[PDB]
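One protein chain, two forms: both are listed below as structure tokens, the first as structure 1 and the second as structure 2.
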Structure 1
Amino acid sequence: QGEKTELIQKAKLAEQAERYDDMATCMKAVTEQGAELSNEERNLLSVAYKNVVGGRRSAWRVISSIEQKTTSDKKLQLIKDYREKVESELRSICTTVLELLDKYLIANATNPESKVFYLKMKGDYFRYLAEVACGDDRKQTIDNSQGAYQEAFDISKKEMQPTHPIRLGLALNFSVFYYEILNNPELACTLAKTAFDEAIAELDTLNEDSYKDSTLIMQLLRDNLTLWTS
């Protein structure tokens, strides 16, 4: 289609202009066409929405950092009402990504490599919900990303080698889910140490095309490990 090839160009253009909202509405219209994504379009969509959802997460963390640093004051009400406004935008963003995954991306999965990628993406965007959920809504969204990460974890160990960047990046995010959402730091470290050790034990079964992006994730795996053991 002449429209899809032009939407990718605008998305690539909006990406360098750091206009991720414009980049996100382009890749959303691309996936709404129904055809399974490239590897290029796939990362374009995730990069776009990770920056859109990332801006609201950064704001939410700062407003809440000020919110609990104060109920004597009466000016706190407006602080909370401004946080739920930011929470409101962040909630609607992740649902659009999650419904994009359920309608188009998860179903039309060619290889297991893309299935693990999209199942991990689902676990990430339910995890961003658990960061801001509270009450009966909280444990329900936690179980949803856990189930997403769990199936992606199972498939990745079945069809991917230990040095695969998608497998390594899933163990990274899954172990972060264990540290921050479940608050099991020992299980989180074991999840990250196992992936790092299985990958460092096969660093001859991968070449120059494989290296790099593979250690960037192993570097992050350890970064968390030494930070969590202290």
Structure 2
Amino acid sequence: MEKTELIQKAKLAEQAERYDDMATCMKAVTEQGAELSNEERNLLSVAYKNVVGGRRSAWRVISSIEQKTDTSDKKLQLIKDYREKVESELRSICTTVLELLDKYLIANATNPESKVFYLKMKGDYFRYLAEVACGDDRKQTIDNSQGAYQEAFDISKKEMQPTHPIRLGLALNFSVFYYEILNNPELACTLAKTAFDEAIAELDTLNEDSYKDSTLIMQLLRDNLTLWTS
């Protein structure tokens, strides 16, 4: 299928909440080798976030039930097996996304805003891998997540204004990485609050769409700070 038809179908699949189809479409668009538009990057991101999200939410529920299960309960191994099945699906989704990023998206990116978007995404899906990993796999996934986030952070500080929604969304997720993965709430708070404060200044220069996006992100930063400071 050609690009234009794949995008029409991806948007149709999005409206129908058929995110597997949407992800397959945007995956096909990417593997054709051409650089994605902002619209198309967003379609890819929304698609795979919804695909992986159902596994992440299921995993949290299953692991929670496993923790409350008596270690001697003869039903325990069934729970563990189901958890591992969900984990296996989640890895496959993350591997697919990360491969798309390293083989097509990151390599072919031309402007720093796109490269920040893809490096952020790489940090996100290595972070999802790290949420369910243990031992050495955990150490390596945390390391790959942090490295992607840090490079994206440095580029965004160098090339983009603090009110830019992509830099702000990077700060949002990177601060969550510090809070939940590195278990450093103090640095997580400073990362979020620094990005929030520095964005306040340049708000008088954004147009409608950018203002709505940036303000939405800033509110999420403030929500996380409220949650983490109480």
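Only residues modelled in both forms are compared. Please note that residue numbering is based on structure 1, beginning with 1 at the start of its sequence. If you superpose the two forms and keep the largest set of C-alpha atoms that fall within 1.5 Å, you have the rigid core.
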**OP:** Determine, with the core as the superposition reference, the one member of 203, 166, 63, 29 that shifts its CA by 2 Å or more between structures 1 and 2.
**Re:** 203
**OP:** May I ask for the C-alpha shift of residue 52 between structures 1 and 2, in Å, based on superposition of the rigid core?
**Re:** 0.1
Original post:
Once the rigid core is matched, what's the CA displacement of residue 212 between structures 1 and 2 in angstrom?
Top reply: 1.2
Subject >> Mobile segments between structures 1 and 2 - rigid core superposition, Cα shift of 2 Å or more, 3+ residues >> reply: 201-210
